[PDB]
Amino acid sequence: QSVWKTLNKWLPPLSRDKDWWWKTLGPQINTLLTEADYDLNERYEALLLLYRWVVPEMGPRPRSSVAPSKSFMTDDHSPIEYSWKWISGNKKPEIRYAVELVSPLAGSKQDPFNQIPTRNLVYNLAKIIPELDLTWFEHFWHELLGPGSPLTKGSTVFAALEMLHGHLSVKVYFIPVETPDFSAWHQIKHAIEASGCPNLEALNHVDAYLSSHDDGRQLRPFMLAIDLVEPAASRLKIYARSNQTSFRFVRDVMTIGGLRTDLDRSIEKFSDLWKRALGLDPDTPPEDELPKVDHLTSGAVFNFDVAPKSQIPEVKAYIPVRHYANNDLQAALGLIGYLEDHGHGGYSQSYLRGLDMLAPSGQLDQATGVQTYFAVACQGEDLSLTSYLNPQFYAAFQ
């Protein structure tokens, strides 16, 4: 029997909505953790956390393909996104998931942008995990979301849990609400400037790229992510989207307009993986745009880490598989072909079993949507890769 079956046998029974979320999310998270070879106690801990702090605040059951909100977590507005980080050296993958919790007050004057449940989750986790630090959490929360702060993307905050084989890490995401005088980039920049960083050199590099560079001026910052650790050890990830999709544009953004050098081998491998996962022709000119997709989340997406740990900011690119690839199976086989060609595909069949579990009954080879992004980071001569997965509760109602 699995961990979820044991816990579901013995834990107290839940009301209809909560029990639906338990019997849906429990098996998914447990299957992902099992295919990634997590220790049994970590699976038990993960599902126990899920049972106590996530499931009670997930809101009503899906009952149709119509989502109860326009949540920014996923395109069909599923409030959960899983992610599977590939580790080099035949190491085990890392599993994470992001959740936006909800309450009956969402949209009301008491909580018009659905922030209270995420805050409650962060504080409960702080009660259990003493290593969490809420200094930067509170700072960026007040500055971007609280009283006196300012069009919406559909959410303003969500949280993520990283099961890092032995301990739990928490990430927080702020989605600023834009006004004619306060853009998301404006709010994020002024909050980072008020955050008390030692150095702001990477922030100023990103600011100069976005303001002055011809490619950087095509990027629209929209989201900030932090780690709930000591602020000196946290990352500062600024996410930005562009209508541009050419790989020349992606490479220039990866280099921050040529600021980062000694990345040519990494970017060659990235070009290969990009064509493979999107299903492109191997001879596709890096100057060509991908065929137009007009969506709130189409275009190329990146995040810039401006953590004061370094003076040059680091860039991560997200290949938008759901918008540009032909189908999830083709995209997964492309990613796996790259991984096995570079000796990092020890968990390929496990990843595929996870996809088959998450995928709508008989849609892996006919549609996209399960895999939202393939995230790429340039680590010396190698790539760090992460798959992001959408359970598609509403786009695939069962």
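Each residue number is its position in the shown sequence, starting from 1.
Compared with the other entries of this protein, residue 271 is consistently built, present in every one of those that build its neighbours rather than absent from a third. Residue 148 is built in all of the other entries compared, counting only those with both neighbours built, so it is not a gap in a third. Missing deposited residues between residue 150 and residue 151: 4 to 9, all without coordinates in the entry. Higher mean CA temperature factor between 238 to 246 and 195 to 203: 195 to 203, per the PDB entry. Stretches 279 to 287 and 295 to 303 differ in mean CA B factor, with 279 to 287 having the higher one. Residue-level inspection of the entry shows that, of 168, 208, 224, 159, 208 has the top Cα B-factor. Across 104, 130, 154, 117, the entry's maximum B-factor at the CA atom is seen for 130. Ranked within its chain, residue 35 lands in the lowest third, by CA B factor from the PDB record.
The deposited CA B-factor of residue 378 belongs to the highest third of values across its chain. Sort the modelled residues of the chain by CA B factor and residue 363 lands in the highest third. Among all modelled residues in this chain, the alpha-carbon of residue 231 has a temperature factor (C-alpha) in the highest third. The deposited CA B-factor of residue 182 belongs to the highest third of values across its chain.
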